[PDB]
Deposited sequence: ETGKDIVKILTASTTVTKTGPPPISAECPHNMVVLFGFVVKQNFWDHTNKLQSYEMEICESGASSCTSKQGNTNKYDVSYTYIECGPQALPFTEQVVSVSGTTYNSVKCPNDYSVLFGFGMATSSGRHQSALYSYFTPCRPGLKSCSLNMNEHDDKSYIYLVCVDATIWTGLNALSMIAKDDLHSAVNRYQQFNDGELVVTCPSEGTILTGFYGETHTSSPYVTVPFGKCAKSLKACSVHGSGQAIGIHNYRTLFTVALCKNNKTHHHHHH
């Protein structure tokens, strides 16, 4: 079964906002995969206090977010297609030391995958950057710089003996740190076109005014648009090599 074929007729869905955010899915469509990112801001300095990251369950008409923990905004992304996928499992590993690395369960292979890094506390709150994981490999390494807090590697693992040609895919992730005082574009290698991805902005002070979205499919780049404690623009996507 060609995962390209079904990732083009799948339907990305993104949602940003404070509590409550559960991004939902179209008629009889189901969450193949996805993830949720929560930001938590001190009740006084209003600076950042922490990141959190969770998985959307397989076969659900909603990203069930799953809180009694305060959290002040959540960026949510789900790929939502017709059916749940067989032999496919999602993963988050988090770390604090230099390395952060993840193996795939039942010896699977990365289909989708990326690391985010942060540095919520020194005093440079959004050190938050982004890295790609390679389709095909069983791992995903990611060394973090120092005075980083935590690294969040999230990957969708497929059983590489039924999902074919993962070696034909590639993950792109560009980011750029905008100041606190003008655009961001990233394009596929090997003249590739997008399968699925997301584009957004994050802050270390957030007033609640919204900014987040999804990449367009069978196209060749992904684009954002800028809307101390400064804030970052990012783009993650996955490409097939044509």
query	finding
Deposited positions lacking CA coordinates	1-3, 71-72, 127, 188-195, 223, 243-248, 264-271
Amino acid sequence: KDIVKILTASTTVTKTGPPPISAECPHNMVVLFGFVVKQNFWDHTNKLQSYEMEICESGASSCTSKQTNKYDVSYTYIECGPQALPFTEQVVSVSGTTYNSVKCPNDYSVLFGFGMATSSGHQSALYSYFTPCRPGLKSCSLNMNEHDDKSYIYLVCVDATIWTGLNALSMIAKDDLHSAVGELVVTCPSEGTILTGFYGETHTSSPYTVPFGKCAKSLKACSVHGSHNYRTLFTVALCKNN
From here on, numbers count along this sequence of modelled residues.
| item | value |
| --- | --- |
| Residue stretch of maximal mean CA temperature factor, 141-149 vs 89-97 | 141-149 |
| Mean C-alpha temperature factor, higher of 184-192 and 41-49 | 41-49 |
| Out of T131, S124, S109, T76, residue topping the C-alpha B-factor column of the entry | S124 |
| C-alpha B-factor winner, where the candidates are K174, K66, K217, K214 | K66 |
| Entry-reported Cα temperature factor of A84, expressed as the chain third it lands in | highest |
| Third of the chain's Cα B-factor distribution that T16 belongs to, per the entry | middle |
| Chain thirds of CA B-factor: placement of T8 | middle |
| Assigned third (lowest, middle, highest) for the C-alpha B factor of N167 | middle |
| Ranked C-alpha temperature factor of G59 among modelled chain residues, by third | middle |
